[PDB]
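K.L.:
Pasting an experimental structure with its sequence.
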Amino acid sequence: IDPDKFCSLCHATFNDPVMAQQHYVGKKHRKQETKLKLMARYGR
RNA sequence: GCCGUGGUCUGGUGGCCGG
RNA sequence: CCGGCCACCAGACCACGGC
Ligand SMILES: [Zn+2]
């Protein structure tokens, strides 16, 4: 089953089931949110 | 010079789907 | 066994900031 998904934190779109889950628990996403969150939080 | 994120590329493993 | 897909790990390259 292929459920469309989107990684707002990385601007990446998903098509495959494992394609999404694998990325959500990945390195290039967890640390990505860190820099993104910092930018948004510091942008005030 | 190193450190942290990001992106592509290079190699190893696994899963999703079909034949 | 083969093909479309993602992650994890390390290397090369570059942008930013810290020391
Ligand atoms: Zn992500």
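P.N.:
Structure's in. What do you need? Numbering: from 1, shown residues only, chains lettered A, B, ... in the order given.
K.L.:
State the number of residues packed around residue A:39.
P.N.:
Here the count is done by other Cβ atoms under 10 Å, and residue A:39 has 9 residues near it. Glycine gets a C-beta too; all of them are placed from N, C-alpha and C.
K.L.:
In what element of secondary structure is it found?
P.N.:
Assigned by DSSP states H and E, residue A:39 belongs to helix A:27-42.
K.L.:
What residues of that helix count as buried?
P.N.:
Neighbour-count burial for helix A:27-42 flags A:29, A:32 (criterion: 16 or more other Cβ atoms under 10 Å).
K.L.:
just stretch A:2-9 next, same as before
P.N.:
For stretch A:2-9, burial by neighbour count (16+ other Cβ under 10 Å) applies to A:5, A:7.
K.L.:
mind exporting that stretch as CSV, just the C-alpha atoms?
P.N.:
C-alpha atoms of stretch A:2-9 as CSV (Å, rounded to 0.1, in the frame of the first residue of the first chain):
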residue,chain,number,x,y,z
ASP,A,2,1.4,3.4,-1.0
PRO,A,3,0.1,6.3,1.2
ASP,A,4,1.2,9.8,0.1
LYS,A,5,3.1,11.6,2.8
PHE,A,6,5.0,14.8,3.3
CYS,A,7,8.0,15.8,5.4
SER,A,8,7.3,19.4,6.2
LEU,A,9,10.6,19.5,8.1
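K.L.:
Any idea how many residues pack against the residue of chain A found nearest RNA strand C?
P.N.:
Closest residue of chain A to RNA strand C, Cβ to the nearest atom of the strand: residue A:26 (2.3 Å). Here the count is done by other Cβ under 10 Å, and residue A:26 has 13 residues near it.
K.L.:
Could you pull up phi and psi at it?
P.N.:
Residue A:26 adopts backbone torsions of phi -90, psi 170, taken as degrees, to the nearest 10.
K.L.:
returning to what we had before: what separates the helix holding residue A:39 from the chain centre, distance-wise?
P.N.:
Remark: helix A:27-42 is offset 10 Å from the chain centroid, using Cα atoms, centre = their mean, to the nearest Å.
K.L.:
any bit of it sitting next to RNA strand B?
P.N.:
Yes - using Cβ under 7 Å from any atom of the strand, helix A:27-42 comes into contact with RNA strand B via A:27, A:28, A:29, A:30, A:31, A:32, A:34, A:35.
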